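See below for work-v3.cif, which holds mmCIF, N, CA and C atoms.
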```cif
data_upload
#
loop_
_atom_site.label_atom_id
_atom_site.label_comp_id
_atom_site.auth_asym_id
_atom_site.auth_seq_id
_atom_site.Cartn_x
_atom_site.Cartn_y
_atom_site.Cartn_z
N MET A 1 -39.20 153.32 212.83
CA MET A 1 -40.22 154.26 213.34
C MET A 1 -39.74 155.70 213.20
N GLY A 2 -40.67 156.60 212.99
CA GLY A 2 -40.34 158.00 212.80
C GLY A 2 -41.22 158.63 211.75
N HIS A 3 -40.69 158.75 210.54
CA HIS A 3 -41.44 159.28 209.39
C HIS A 3 -41.81 160.75 209.60
N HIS A 4 -41.27 161.35 210.66
CA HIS A 4 -41.59 162.73 210.98
C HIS A 4 -40.37 163.62 210.75
N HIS A 5 -40.51 164.60 209.87
CA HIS A 5 -39.45 165.55 209.63
C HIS A 5 -40.06 166.90 209.26
N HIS A 6 -39.70 167.93 210.00
CA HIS A 6 -40.22 169.27 209.74
C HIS A 6 -39.10 170.29 209.82
N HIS A 7 -38.93 171.03 208.73
CA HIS A 7 -37.85 172.01 208.61
C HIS A 7 -37.93 173.09 209.68
N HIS A 8 -37.10 172.93 210.70
CA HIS A 8 -36.95 173.94 211.74
C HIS A 8 -35.54 174.50 211.68
N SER A 9 -35.39 175.64 211.04
CA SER A 9 -34.08 176.22 210.80
C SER A 9 -33.51 176.87 212.06
N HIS A 10 -32.77 176.09 212.83
CA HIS A 10 -32.08 176.58 214.01
C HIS A 10 -30.75 175.85 214.16
N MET A 11 -30.04 176.13 215.26
CA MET A 11 -28.72 175.55 215.52
C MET A 11 -27.70 176.07 214.51
N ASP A 12 -27.30 177.31 214.72
CA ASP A 12 -26.32 177.97 213.86
C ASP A 12 -25.06 178.27 214.65
N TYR A 13 -24.95 177.66 215.82
CA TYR A 13 -23.79 177.84 216.68
C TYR A 13 -22.93 176.58 216.66
N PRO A 14 -21.62 176.74 216.45
CA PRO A 14 -20.69 175.61 216.40
C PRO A 14 -20.66 174.82 217.71
N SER A 15 -20.45 175.54 218.81
CA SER A 15 -20.41 174.95 220.15
C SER A 15 -19.31 173.89 220.27
N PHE A 16 -18.10 174.33 220.61
CA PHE A 16 -16.98 173.42 220.80
C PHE A 16 -15.92 174.06 221.68
N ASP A 17 -15.10 173.23 222.31
CA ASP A 17 -13.98 173.70 223.11
C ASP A 17 -12.94 172.59 223.23
N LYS A 18 -11.72 172.98 223.58
CA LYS A 18 -10.61 172.04 223.70
C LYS A 18 -10.92 170.95 224.72
N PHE A 19 -10.64 169.70 224.35
CA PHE A 19 -10.99 168.56 225.18
C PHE A 19 -10.16 168.56 226.47
N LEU A 20 -8.83 168.49 226.39
CA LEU A 20 -8.08 168.26 225.17
C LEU A 20 -7.03 167.18 225.43
N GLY A 21 -7.46 166.14 226.14
CA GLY A 21 -6.55 165.13 226.67
C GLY A 21 -5.81 164.31 225.63
N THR A 22 -6.03 164.60 224.35
CA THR A 22 -5.28 163.96 223.27
C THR A 22 -5.59 162.46 223.21
N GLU A 23 -6.80 162.11 223.63
CA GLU A 23 -7.23 160.71 223.63
C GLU A 23 -7.52 160.23 222.21
N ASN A 24 -7.67 158.92 222.08
CA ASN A 24 -8.11 158.31 220.84
C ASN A 24 -9.63 158.23 220.85
N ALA A 25 -10.22 158.92 221.82
CA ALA A 25 -11.67 158.97 222.01
C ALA A 25 -12.37 159.58 220.81
N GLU A 26 -11.61 160.28 219.97
CA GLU A 26 -12.16 160.86 218.75
C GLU A 26 -12.76 159.78 217.87
N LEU A 27 -12.21 158.57 217.97
CA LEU A 27 -12.72 157.42 217.24
C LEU A 27 -14.04 156.96 217.87
N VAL A 28 -14.11 157.05 219.19
CA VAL A 28 -15.31 156.65 219.92
C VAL A 28 -16.47 157.59 219.61
N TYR A 29 -16.14 158.86 219.39
CA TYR A 29 -17.15 159.86 219.01
C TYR A 29 -17.66 159.58 217.60
N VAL A 30 -16.83 158.93 216.79
CA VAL A 30 -17.23 158.53 215.46
C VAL A 30 -18.16 157.32 215.52
N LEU A 31 -17.78 156.33 216.33
CA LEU A 31 -18.52 155.07 216.43
C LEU A 31 -20.00 155.28 216.75
N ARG A 32 -20.84 155.16 215.73
CA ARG A 32 -22.29 155.25 215.89
C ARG A 32 -22.96 154.03 215.27
N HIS A 33 -24.27 154.11 215.06
CA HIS A 33 -25.02 152.98 214.50
C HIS A 33 -25.24 153.19 213.00
N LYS A 34 -25.73 152.15 212.34
CA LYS A 34 -26.05 152.24 210.91
C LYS A 34 -27.44 152.84 210.71
N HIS A 35 -27.85 152.97 209.45
CA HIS A 35 -29.14 153.57 209.12
C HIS A 35 -29.60 153.14 207.73
N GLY A 36 -30.58 153.85 207.18
CA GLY A 36 -31.18 153.48 205.90
C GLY A 36 -30.19 153.40 204.75
N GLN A 37 -30.64 152.77 203.67
CA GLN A 37 -29.80 152.49 202.50
C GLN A 37 -29.42 153.77 201.77
N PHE A 38 -30.42 154.55 201.37
CA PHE A 38 -30.18 155.82 200.69
C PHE A 38 -30.70 156.97 201.55
N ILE A 39 -29.79 157.67 202.21
CA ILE A 39 -30.17 158.73 203.12
C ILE A 39 -29.53 160.06 202.73
N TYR A 40 -30.36 161.09 202.68
CA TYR A 40 -29.91 162.44 202.41
C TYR A 40 -30.23 163.33 203.60
N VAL A 41 -29.21 163.97 204.16
CA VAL A 41 -29.39 164.87 205.29
C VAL A 41 -28.92 166.27 204.96
N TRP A 42 -29.49 167.26 205.63
CA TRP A 42 -29.12 168.65 205.39
C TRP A 42 -29.15 169.44 206.70
N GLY A 43 -27.97 169.88 207.14
CA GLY A 43 -27.90 170.68 208.36
C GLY A 43 -27.32 169.92 209.54
N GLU A 44 -28.11 169.01 210.12
CA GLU A 44 -27.75 168.32 211.36
C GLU A 44 -26.42 167.56 211.27
N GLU A 45 -26.02 167.17 210.07
CA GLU A 45 -24.80 166.39 209.91
C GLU A 45 -23.99 166.89 208.72
N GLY A 46 -24.65 167.01 207.57
CA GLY A 46 -23.97 167.46 206.37
C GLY A 46 -23.71 168.95 206.37
N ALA A 47 -22.76 169.37 207.19
CA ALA A 47 -22.38 170.77 207.28
C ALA A 47 -20.87 170.90 207.43
N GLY A 48 -20.16 169.88 206.97
CA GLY A 48 -18.72 169.86 207.12
C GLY A 48 -18.30 169.18 208.41
N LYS A 49 -19.07 168.18 208.82
CA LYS A 49 -18.76 167.42 210.03
C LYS A 49 -18.55 165.96 209.67
N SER A 50 -19.57 165.36 209.06
CA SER A 50 -19.45 164.05 208.42
C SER A 50 -19.09 162.93 209.40
N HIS A 51 -19.27 163.17 210.69
CA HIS A 51 -18.90 162.16 211.69
C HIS A 51 -19.86 160.98 211.64
N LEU A 52 -21.13 161.25 211.33
CA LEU A 52 -22.10 160.19 211.19
C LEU A 52 -21.85 159.43 209.89
N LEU A 53 -21.33 160.14 208.89
CA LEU A 53 -20.96 159.53 207.62
C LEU A 53 -19.79 158.58 207.83
N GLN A 54 -18.80 159.04 208.59
CA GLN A 54 -17.62 158.23 208.88
C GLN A 54 -18.00 157.02 209.72
N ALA A 55 -18.93 157.22 210.65
CA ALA A 55 -19.45 156.13 211.47
C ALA A 55 -20.05 155.04 210.61
N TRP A 56 -20.88 155.46 209.67
CA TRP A 56 -21.59 154.56 208.80
C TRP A 56 -20.63 153.82 207.87
N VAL A 57 -19.62 154.53 207.40
CA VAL A 57 -18.59 153.94 206.58
C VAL A 57 -17.79 152.90 207.37
N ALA A 58 -17.44 153.25 208.60
CA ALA A 58 -16.62 152.40 209.45
C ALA A 58 -17.35 151.11 209.83
N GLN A 59 -18.63 151.22 210.19
CA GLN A 59 -19.39 150.04 210.61
C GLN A 59 -19.54 149.05 209.45
N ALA A 60 -19.54 149.57 208.23
CA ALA A 60 -19.59 148.73 207.05
C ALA A 60 -18.24 148.07 206.81
N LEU A 61 -17.18 148.85 207.02
CA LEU A 61 -15.81 148.35 206.87
C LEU A 61 -15.54 147.19 207.83
N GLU A 62 -16.11 147.27 209.03
CA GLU A 62 -15.95 146.23 210.04
C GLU A 62 -16.53 144.90 209.57
N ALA A 63 -17.52 144.96 208.69
CA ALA A 63 -18.18 143.76 208.19
C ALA A 63 -17.41 143.18 207.02
N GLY A 64 -16.29 143.81 206.68
CA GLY A 64 -15.48 143.35 205.57
C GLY A 64 -16.03 143.82 204.25
N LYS A 65 -16.91 144.81 204.29
CA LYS A 65 -17.51 145.34 203.08
C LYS A 65 -16.87 146.66 202.75
N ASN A 66 -16.88 147.00 201.48
CA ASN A 66 -16.22 148.20 201.01
C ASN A 66 -17.09 149.43 201.24
N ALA A 67 -16.47 150.47 201.77
CA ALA A 67 -17.17 151.70 202.11
C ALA A 67 -16.20 152.87 202.13
N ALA A 68 -16.65 154.01 201.65
CA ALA A 68 -15.80 155.19 201.59
C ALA A 68 -16.62 156.47 201.66
N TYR A 69 -16.06 157.49 202.29
CA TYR A 69 -16.70 158.79 202.34
C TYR A 69 -15.83 159.79 201.61
N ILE A 70 -16.45 160.65 200.83
CA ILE A 70 -15.72 161.62 200.02
C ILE A 70 -16.25 163.03 200.25
N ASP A 71 -15.33 163.95 200.52
CA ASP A 71 -15.66 165.36 200.64
C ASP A 71 -15.80 165.96 199.25
N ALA A 72 -17.02 166.21 198.82
CA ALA A 72 -17.25 166.76 197.48
C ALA A 72 -16.78 168.21 197.38
N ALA A 73 -16.19 168.71 198.45
CA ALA A 73 -15.66 170.07 198.47
C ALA A 73 -14.18 170.07 198.88
N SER A 74 -13.59 168.89 198.96
CA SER A 74 -12.21 168.75 199.39
C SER A 74 -11.48 167.67 198.59
N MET A 75 -12.22 166.67 198.13
CA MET A 75 -11.64 165.56 197.40
C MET A 75 -12.45 165.28 196.14
N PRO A 76 -11.78 164.88 195.05
CA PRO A 76 -12.44 164.57 193.79
C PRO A 76 -12.99 163.15 193.76
N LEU A 77 -13.93 162.91 192.86
CA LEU A 77 -14.50 161.58 192.70
C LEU A 77 -13.71 160.81 191.64
N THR A 78 -13.57 159.51 191.85
CA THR A 78 -12.80 158.67 190.95
C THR A 78 -13.59 157.43 190.58
N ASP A 79 -13.14 156.74 189.54
CA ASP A 79 -13.77 155.49 189.10
C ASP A 79 -13.56 154.39 190.13
N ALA A 80 -12.54 154.58 190.96
CA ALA A 80 -12.22 153.66 192.04
C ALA A 80 -13.38 153.54 193.03
N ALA A 81 -14.23 154.57 193.08
CA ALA A 81 -15.37 154.59 193.98
C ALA A 81 -16.33 153.43 193.72
N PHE A 82 -16.28 152.86 192.52
CA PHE A 82 -17.16 151.75 192.15
C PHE A 82 -16.81 150.47 192.91
N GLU A 83 -15.65 150.46 193.56
CA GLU A 83 -15.25 149.33 194.38
C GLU A 83 -16.07 149.28 195.66
N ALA A 84 -16.50 150.45 196.10
CA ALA A 84 -17.21 150.59 197.35
C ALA A 84 -18.69 150.29 197.18
N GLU A 85 -19.24 149.57 198.14
CA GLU A 85 -20.67 149.28 198.15
C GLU A 85 -21.41 150.35 198.95
N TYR A 86 -20.73 150.89 199.96
CA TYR A 86 -21.28 151.95 200.79
C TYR A 86 -20.57 153.27 200.50
N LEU A 87 -21.28 154.22 199.93
CA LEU A 87 -20.69 155.52 199.59
C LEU A 87 -21.32 156.64 200.41
N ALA A 88 -20.47 157.53 200.92
CA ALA A 88 -20.93 158.70 201.64
C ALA A 88 -20.33 159.97 201.03
N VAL A 89 -21.18 160.91 200.66
CA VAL A 89 -20.72 162.13 200.00
C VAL A 89 -21.20 163.37 200.76
N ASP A 90 -20.26 164.12 201.30
CA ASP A 90 -20.57 165.34 202.05
C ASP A 90 -20.18 166.55 201.21
N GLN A 91 -20.89 167.67 201.40
CA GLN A 91 -20.62 168.91 200.68
C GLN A 91 -20.92 168.77 199.19
N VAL A 92 -21.91 167.95 198.86
CA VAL A 92 -22.31 167.78 197.47
C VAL A 92 -23.01 169.03 196.96
N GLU A 93 -22.41 169.61 195.93
CA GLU A 93 -22.90 170.83 195.29
C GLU A 93 -21.86 171.28 194.27
N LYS A 94 -20.60 171.02 194.61
CA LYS A 94 -19.47 171.42 193.79
C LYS A 94 -19.12 170.37 192.75
N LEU A 95 -20.01 169.41 192.53
CA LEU A 95 -19.81 168.44 191.46
C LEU A 95 -19.75 169.17 190.12
N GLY A 96 -18.77 168.82 189.30
CA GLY A 96 -18.55 169.53 188.06
C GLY A 96 -19.18 168.85 186.86
N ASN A 97 -18.46 167.89 186.29
CA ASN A 97 -18.90 167.27 185.04
C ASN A 97 -18.66 165.77 185.06
N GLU A 98 -17.39 165.37 184.96
CA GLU A 98 -17.04 163.95 184.89
C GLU A 98 -17.43 163.25 186.18
N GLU A 99 -17.14 163.89 187.30
CA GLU A 99 -17.43 163.32 188.61
C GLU A 99 -18.93 163.21 188.81
N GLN A 100 -19.66 164.14 188.22
CA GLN A 100 -21.11 164.15 188.33
C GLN A 100 -21.71 163.02 187.51
N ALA A 101 -21.18 162.82 186.31
CA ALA A 101 -21.61 161.71 185.46
C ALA A 101 -21.18 160.38 186.07
N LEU A 102 -20.02 160.38 186.71
CA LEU A 102 -19.51 159.22 187.44
C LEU A 102 -20.49 158.87 188.56
N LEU A 103 -20.86 159.88 189.33
CA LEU A 103 -21.83 159.73 190.42
C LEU A 103 -23.15 159.20 189.86
N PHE A 104 -23.59 159.77 188.75
CA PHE A 104 -24.79 159.32 188.05
C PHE A 104 -24.70 157.82 187.73
N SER A 105 -23.56 157.41 187.20
CA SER A 105 -23.32 156.01 186.87
C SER A 105 -23.38 155.15 188.13
N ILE A 106 -22.87 155.69 189.23
CA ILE A 106 -22.95 155.02 190.53
C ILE A 106 -24.42 154.77 190.90
N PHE A 107 -25.25 155.80 190.73
CA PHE A 107 -26.69 155.67 190.98
C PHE A 107 -27.29 154.56 190.13
N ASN A 108 -26.89 154.50 188.87
CA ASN A 108 -27.38 153.47 187.96
C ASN A 108 -26.95 152.09 188.44
N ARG A 109 -25.68 151.95 188.79
CA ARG A 109 -25.14 150.67 189.25
C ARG A 109 -25.87 150.21 190.52
N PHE A 110 -26.27 151.17 191.34
CA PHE A 110 -27.03 150.87 192.55
C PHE A 110 -28.43 150.38 192.21
N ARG A 111 -29.16 151.18 191.45
CA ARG A 111 -30.55 150.90 191.12
C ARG A 111 -30.67 149.66 190.23
N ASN A 112 -29.68 149.47 189.36
CA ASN A 112 -29.66 148.34 188.44
C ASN A 112 -29.50 147.03 189.19
N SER A 113 -28.51 146.98 190.06
CA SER A 113 -28.17 145.75 190.78
C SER A 113 -29.18 145.45 191.88
N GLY A 114 -29.79 146.49 192.44
CA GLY A 114 -30.66 146.30 193.58
C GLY A 114 -29.84 146.36 194.85
N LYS A 115 -28.72 147.05 194.73
CA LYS A 115 -27.75 147.19 195.78
C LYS A 115 -27.38 148.65 195.95
N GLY A 116 -26.28 148.90 196.64
CA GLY A 116 -25.77 150.24 196.75
C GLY A 116 -26.30 150.97 197.95
N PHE A 117 -25.39 151.47 198.76
CA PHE A 117 -25.74 152.24 199.92
C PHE A 117 -25.15 153.64 199.78
N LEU A 118 -25.96 154.66 200.02
CA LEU A 118 -25.53 156.02 199.78
C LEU A 118 -26.00 156.95 200.89
N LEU A 119 -25.14 157.88 201.24
CA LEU A 119 -25.41 158.86 202.28
C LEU A 119 -24.85 160.21 201.87
N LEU A 120 -25.71 161.19 201.68
CA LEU A 120 -25.27 162.51 201.23
C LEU A 120 -25.67 163.58 202.24
N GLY A 121 -24.85 164.62 202.33
CA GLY A 121 -25.15 165.72 203.23
C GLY A 121 -24.75 167.05 202.64
N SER A 122 -25.62 168.04 202.77
CA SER A 122 -25.33 169.40 202.32
C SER A 122 -26.20 170.40 203.09
N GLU A 123 -26.23 171.64 202.63
CA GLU A 123 -26.90 172.70 203.37
C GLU A 123 -28.25 173.10 202.75
N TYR A 124 -28.60 172.54 201.60
CA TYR A 124 -29.79 173.03 200.90
C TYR A 124 -30.84 171.93 200.68
N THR A 125 -30.73 171.22 199.56
CA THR A 125 -31.68 170.16 199.19
C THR A 125 -31.30 169.56 197.83
N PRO A 126 -31.68 168.29 197.57
CA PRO A 126 -31.23 167.57 196.37
C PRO A 126 -31.85 168.09 195.08
N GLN A 127 -33.05 168.65 195.19
CA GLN A 127 -33.76 169.13 194.01
C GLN A 127 -33.63 170.64 193.88
N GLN A 128 -32.84 171.25 194.75
CA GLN A 128 -32.66 172.70 194.72
C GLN A 128 -31.20 173.04 194.40
N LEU A 129 -30.32 172.06 194.55
CA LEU A 129 -28.91 172.25 194.25
C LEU A 129 -28.67 172.39 192.76
N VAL A 130 -27.61 173.11 192.40
CA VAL A 130 -27.26 173.32 191.01
C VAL A 130 -26.60 172.07 190.44
N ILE A 131 -27.42 171.22 189.85
CA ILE A 131 -26.95 169.99 189.22
C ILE A 131 -27.74 169.76 187.94
N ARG A 132 -27.32 168.78 187.16
CA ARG A 132 -28.00 168.47 185.91
C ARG A 132 -29.27 167.66 186.20
N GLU A 133 -30.24 167.70 185.29
CA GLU A 133 -31.53 167.07 185.54
C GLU A 133 -31.42 165.55 185.57
N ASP A 134 -30.39 165.01 184.94
CA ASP A 134 -30.18 163.57 184.90
C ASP A 134 -29.79 163.05 186.29
N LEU A 135 -28.98 163.83 186.99
CA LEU A 135 -28.57 163.48 188.34
C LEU A 135 -29.67 163.81 189.34
N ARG A 136 -30.32 164.96 189.14
CA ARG A 136 -31.34 165.43 190.07
C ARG A 136 -32.49 164.44 190.20
N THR A 137 -32.85 163.79 189.10
CA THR A 137 -33.92 162.80 189.11
C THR A 137 -33.52 161.57 189.92
N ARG A 138 -32.23 161.25 189.90
CA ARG A 138 -31.70 160.13 190.66
C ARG A 138 -31.66 160.45 192.15
N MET A 139 -31.53 161.73 192.47
CA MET A 139 -31.49 162.18 193.86
C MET A 139 -32.80 161.89 194.57
N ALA A 140 -33.85 161.66 193.79
CA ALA A 140 -35.18 161.37 194.34
C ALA A 140 -35.25 159.96 194.92
N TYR A 141 -34.28 159.12 194.57
CA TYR A 141 -34.24 157.75 195.07
C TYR A 141 -33.68 157.70 196.49
N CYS A 142 -33.12 158.81 196.94
CA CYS A 142 -32.59 158.91 198.28
C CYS A 142 -33.64 159.51 199.19
N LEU A 143 -33.74 158.97 200.39
CA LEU A 143 -34.69 159.46 201.37
C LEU A 143 -34.18 160.71 202.04
N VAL A 144 -35.11 161.49 202.52
CA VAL A 144 -34.79 162.71 203.23
C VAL A 144 -35.07 162.52 204.71
N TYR A 145 -34.03 162.56 205.50
CA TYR A 145 -34.16 162.33 206.93
C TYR A 145 -33.67 163.51 207.74
N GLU A 146 -34.56 164.02 208.56
CA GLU A 146 -34.23 165.05 209.52
C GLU A 146 -34.31 164.45 210.91
N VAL A 147 -33.30 164.69 211.73
CA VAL A 147 -33.25 164.10 213.07
C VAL A 147 -34.01 164.98 214.06
N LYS A 148 -34.63 166.01 213.52
CA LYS A 148 -35.46 166.91 214.31
C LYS A 148 -36.68 166.16 214.83
N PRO A 149 -36.98 166.30 216.13
CA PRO A 149 -38.09 165.60 216.78
C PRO A 149 -39.42 165.81 216.07
#
```
Rendering of file as C-alpha cells:
Amino acid sequence: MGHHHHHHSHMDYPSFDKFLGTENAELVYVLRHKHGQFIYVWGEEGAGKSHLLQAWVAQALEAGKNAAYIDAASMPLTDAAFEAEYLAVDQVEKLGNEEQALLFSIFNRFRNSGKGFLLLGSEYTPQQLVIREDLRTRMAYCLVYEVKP
C-alpha cells in the first residue's frame, strides 16, 4: 500500500549528537525490514547514510543469500558483484566506464533471469544523472519510492 510520492524538498539538517555509550546498538539501528525488488530513493536515505541499504543487505544475508552494498563514491565496482543476488548502490553518479558497463550487465543478468534485487540512492534522479543512455534506460526498471507521506 502507498503509491503516493510527491517531491517535497525539505530536511536539509543533519541532526545528530554523541550517543555515546559505545554500544553495539549501531547494529540495531541498522536492523530494519525488507522492501521492493528494484527500489530507487533520493534524499531520505541515499545521501551518504545507506543505513536502510545496509539493513536490506543484512536481512538478505541472514537468509543465506548473497547481498552487498557498494559506495559508488567510495568503492569501485567489480565483477565479483555478480555473486550477489541483492545489490545496493549508494552515491551513484560517479560511475565511469567499465563499472558502468558492468552495472549495465548486472541489469541484464537481473532482467534476463527474472531475478535480481537492486537498491540505489542519490541526490537527483535516475534519468537526470550524467550516465550513458544504455544504462539510463535500464534505470527505468527500478521503482521510485519516496517515504514522504
Residue among A:21, A:36, A:96, A:43 lying closest to residue 7 of chain A, counting only C-alpha atoms:
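Comparing A:21, A:36, A:96, A:43 against residue 7 of chain A, the winner is A:43.
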Which residues come within 8 Å of residue 116 of chain A, counting all atoms listed in the file, excluding same-chain residues fewer than 3 positions away, as a compact mmCIF listing (two decimals) with N, CA and C atoms, keeping the file's coordinate frame?
```txt
# COMPACT_ATOMS: atom_id res chain seq x y z
N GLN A 37 -30.64 152.77 203.67
CA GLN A 37 -29.80 152.49 202.50
C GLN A 37 -29.42 153.77 201.77
N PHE A 38 -30.42 154.55 201.37
CA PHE A 38 -30.18 155.82 200.69
C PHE A 38 -30.70 156.97 201.55
N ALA A 84 -16.50 150.45 196.10
CA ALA A 84 -17.21 150.59 197.35
C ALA A 84 -18.69 150.29 197.18
N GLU A 85 -19.24 149.57 198.14
CA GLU A 85 -20.67 149.28 198.15
C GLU A 85 -21.41 150.35 198.95
N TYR A 86 -20.73 150.89 199.96
CA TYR A 86 -21.28 151.95 200.79
C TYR A 86 -20.57 153.27 200.50
N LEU A 87 -21.28 154.22 199.93
CA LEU A 87 -20.69 155.52 199.59
C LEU A 87 -21.32 156.64 200.41
N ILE A 106 -22.87 155.69 189.23
CA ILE A 106 -22.95 155.02 190.53
C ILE A 106 -24.42 154.77 190.90
N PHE A 107 -25.25 155.80 190.73
CA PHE A 107 -26.69 155.67 190.98
C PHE A 107 -27.29 154.56 190.13
N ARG A 109 -25.68 151.95 188.79
CA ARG A 109 -25.14 150.67 189.25
C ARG A 109 -25.87 150.21 190.52
N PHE A 110 -26.27 151.17 191.34
CA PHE A 110 -27.03 150.87 192.55
C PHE A 110 -28.43 150.38 192.21
N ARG A 111 -29.16 151.18 191.45
CA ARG A 111 -30.55 150.90 191.12
C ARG A 111 -30.67 149.66 190.23
N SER A 113 -28.51 146.98 190.06
CA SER A 113 -28.17 145.75 190.78
C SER A 113 -29.18 145.45 191.88
N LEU A 119 -25.14 157.88 201.24
CA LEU A 119 -25.41 158.86 202.28
C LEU A 119 -24.85 160.21 201.87
```
If you count only N, CA and C atoms, the residue of A:88, A:33, A:22, A:51 closest to residue 67 of chain A turns out to be A:88
Atom pair atom N of residue 62 of chain A + atom CA of residue 90 of chain A, distance 19.9 Å
| said: For the helix (DSSP H, G or I) assignment from backbone DSSP, which residues of segment 58-149 of chain A qualify? Please present them as a PyMOL selection string. | reply: chain A and resi 58-61+79-83+98-113+133-141
Using only N, CA and C atoms, the shortest atom-to-atom distance to residue 78 of chain A among A:120, A:103, A:130, A:58 belongs to A:103
Go ahead and fit an axis-aligned box to every listed atom of segment 56-66 of chain A plus 8 Å each side, and pass me the centre and edge lengths in Å, one decimal, as AutoDock Vina command-line options.
```
--center_x -18.5 --center_y 149.3 --center_z 205.8 --size_x 22.1 --size_y 28.3 --size_z 25.6
```
**Message:** I'd like to know which of A:47, A:77, A:92, A:60 is closest to residue 136 of chain A, using only C-alpha atoms.
**Reply:**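 The closest residue to residue 136 of chain A is A:92.
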In Å, how far is it from atom N of residue 114 of chain A to atom CA of residue 126 of chain A?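 Interatomic distance here is 21.5 Å.
Interatomic distance, atom CA of residue 141 of chain A to atom N of residue 12 of chain A: 28.6 Å.
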Requested file, segment 7-20 of chain A restricted to N, CA, C and O atoms, as a PDB file, in the first residue's frame:
```
ATOM      1  N   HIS A   7       7.393  15.145  -4.490  1.00  0.00           N
ATOM      2  CA  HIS A   7       8.659  15.818  -4.216  1.00  0.00           C
ATOM      3  C   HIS A   7       8.474  17.036  -3.315  1.00  0.00           C
ATOM      4  O   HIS A   7       8.041  18.103  -3.749  1.00  0.00           O
ATOM      5  N   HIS A   8       8.785  16.852  -2.046  1.00  0.00           N
ATOM      6  CA  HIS A   8       8.793  17.941  -1.085  1.00  0.00           C
ATOM      7  C   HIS A   8      10.214  18.154  -0.590  1.00  0.00           C
ATOM      8  O   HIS A   8      10.690  17.430   0.282  1.00  0.00           O
ATOM      9  N   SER A   9      10.898  19.123  -1.175  1.00  0.00           N
ATOM     10  CA  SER A   9      12.306  19.347  -0.890  1.00  0.00           C
ATOM     11  C   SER A   9      12.507  20.035   0.458  1.00  0.00           C
ATOM     12  O   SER A   9      12.498  21.263   0.553  1.00  0.00           O
ATOM     13  N   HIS A  10      12.658  19.227   1.499  1.00  0.00           N
ATOM     14  CA  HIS A  10      12.959  19.719   2.839  1.00  0.00           C
ATOM     15  C   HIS A  10      13.885  18.741   3.548  1.00  0.00           C
ATOM     16  O   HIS A  10      14.321  17.763   2.944  1.00  0.00           O
ATOM     17  N   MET A  11      14.170  19.014   4.821  1.00  0.00           N
ATOM     18  CA  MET A  11      15.081  18.194   5.621  1.00  0.00           C
ATOM     19  C   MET A  11      16.506  18.314   5.089  1.00  0.00           C
ATOM     20  O   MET A  11      17.021  17.428   4.406  1.00  0.00           O
ATOM     21  N   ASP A  12      17.119  19.450   5.379  1.00  0.00           N
ATOM     22  CA  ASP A  12      18.486  19.724   4.960  1.00  0.00           C
ATOM     23  C   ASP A  12      19.390  19.852   6.178  1.00  0.00           C
ATOM     24  O   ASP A  12      20.526  20.320   6.085  1.00  0.00           O
ATOM     25  N   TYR A  13      18.877  19.415   7.319  1.00  0.00           N
ATOM     26  CA  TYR A  13      19.626  19.456   8.563  1.00  0.00           C
ATOM     27  C   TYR A  13      20.057  18.050   8.955  1.00  0.00           C
ATOM     28  O   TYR A  13      19.245  17.128   8.949  1.00  0.00           O
ATOM     29  N   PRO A  14      21.343  17.866   9.287  1.00  0.00           N
ATOM     30  CA  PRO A  14      21.882  16.558   9.672  1.00  0.00           C
ATOM     31  C   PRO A  14      21.197  15.995  10.917  1.00  0.00           C
ATOM     32  O   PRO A  14      20.718  14.858  10.908  1.00  0.00           O
ATOM     33  N   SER A  15      21.159  16.805  11.974  1.00  0.00           N
ATOM     34  CA  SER A  15      20.530  16.429  13.241  1.00  0.00           C
ATOM     35  C   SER A  15      21.176  15.179  13.849  1.00  0.00           C
ATOM     36  O   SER A  15      20.731  14.055  13.612  1.00  0.00           O
ATOM     37  N   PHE A  16      22.237  15.383  14.622  1.00  0.00           N
ATOM     38  CA  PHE A  16      22.913  14.282  15.297  1.00  0.00           C
ATOM     39  C   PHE A  16      23.697  14.790  16.504  1.00  0.00           C
ATOM     40  O   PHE A  16      24.050  15.969  16.579  1.00  0.00           O
ATOM     41  N   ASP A  17      23.954  13.899  17.449  1.00  0.00           N
ATOM     42  CA  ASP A  17      24.776  14.215  18.607  1.00  0.00           C
ATOM     43  C   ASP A  17      25.350  12.935  19.195  1.00  0.00           C
ATOM     44  O   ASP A  17      24.864  11.841  18.905  1.00  0.00           O
ATOM     45  N   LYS A  18      26.409  13.079  19.983  1.00  0.00           N
ATOM     46  CA  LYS A  18      27.091  11.940  20.591  1.00  0.00           C
ATOM     47  C   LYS A  18      26.138  11.115  21.452  1.00  0.00           C
ATOM     48  O   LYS A  18      25.386  11.661  22.259  1.00  0.00           O
ATOM     49  N   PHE A  19      26.189   9.797  21.286  1.00  0.00           N
ATOM     50  CA  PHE A  19      25.253   8.909  21.957  1.00  0.00           C
ATOM     51  C   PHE A  19      25.500   8.912  23.471  1.00  0.00           C
ATOM     52  O   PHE A  19      24.600   9.262  24.232  1.00  0.00           O
ATOM     53  N   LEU A  20      26.698   8.526  23.938  1.00  0.00           N
ATOM     54  CA  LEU A  20      27.762   7.951  23.136  1.00  0.00           C
ATOM     55  C   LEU A  20      28.302   6.719  23.855  1.00  0.00           C
ATOM     56  O   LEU A  20      29.510   6.481  23.905  1.00  0.00           O
TER      57      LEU A  20
END
```
